[PDB]
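One chain follows as structure tokens, the form deposited without the DNA.
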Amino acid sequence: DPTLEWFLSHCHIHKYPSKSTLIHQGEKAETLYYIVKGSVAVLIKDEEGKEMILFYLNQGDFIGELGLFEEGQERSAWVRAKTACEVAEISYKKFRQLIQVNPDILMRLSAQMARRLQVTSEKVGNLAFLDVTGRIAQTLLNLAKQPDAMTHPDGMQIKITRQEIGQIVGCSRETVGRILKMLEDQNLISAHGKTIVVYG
């Protein structure tokens, strides 16, 4: 996109090794980010530092946008490199000015925001209205519909530990274990190690 390359040329680019943290919750938000390459997890934690994956973001996604519209706010979640990443960065001050030149940039951002809101609402709905078996089932679908969802002859094919799922659904890797076996008995999936086969 020629409009992204306009945006990007005003950004400093920094590579982050898989597993490194780009954003720490609670920091002061003063900068926007943009994933040029790679993917990251958005996480939040609970009292005893228990993690919950709240979204996966990927190349082309902005990050750190939520403190852009009002000065003096804090990062609302940790963002962690899922794989090695290359992330552009820019101060909100500089970015607000781009918007002044070309509003189309703010338009691109708002669109990802509107979509994260839909998805997150749906996630809210999922926790309220599904049994932990139901969520784990939903989570597999959504994972096999990730841009990076691979392909298998009997459906889609994903990789993910039982703990990651556990964090996505808010259950333990133990519970995730039982339910994965159960869904496999119902021949809905197939688990050979850390590779699940979802059908669709």
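Residue positions are given as counts along the sequence shown, with the first one as 1.
A second form of this protein, the form deposited with the DNA bound, is not displayed here; the remarks below concern that form.
Highlighted residues 70, 72 and 94: none comes within 4.5 Å of the DNA in the deposited bound form, counting any heavy atom. Put simply, of 52, 149, 132, 66 only one has a heavy atom within 4.5 Å of the DNA in the deposited bound form, and it is 132. The candidate stretches are 171 to 179, 137 to 145, 24 to 32, 37 to 45, and the one lying within 4.5 Å of the DNA in the deposited bound form by heavy atoms is 171 to 179.
Within 4.5 Å of some heavy atom of the DNA in the deposited bound form lies at least one heavy atom of residue 193.
Contact annotation: residue 12 falls outside 4.5 Å of the DNA in the deposited bound form, judged by heavy atom distances. With contact defined as any non-hydrogen atom lying within 4.5 angstroms of the DNA in the deposited bound form, the contacting residues in 145 to 169 are 161, 162, 163, given in sequence order.
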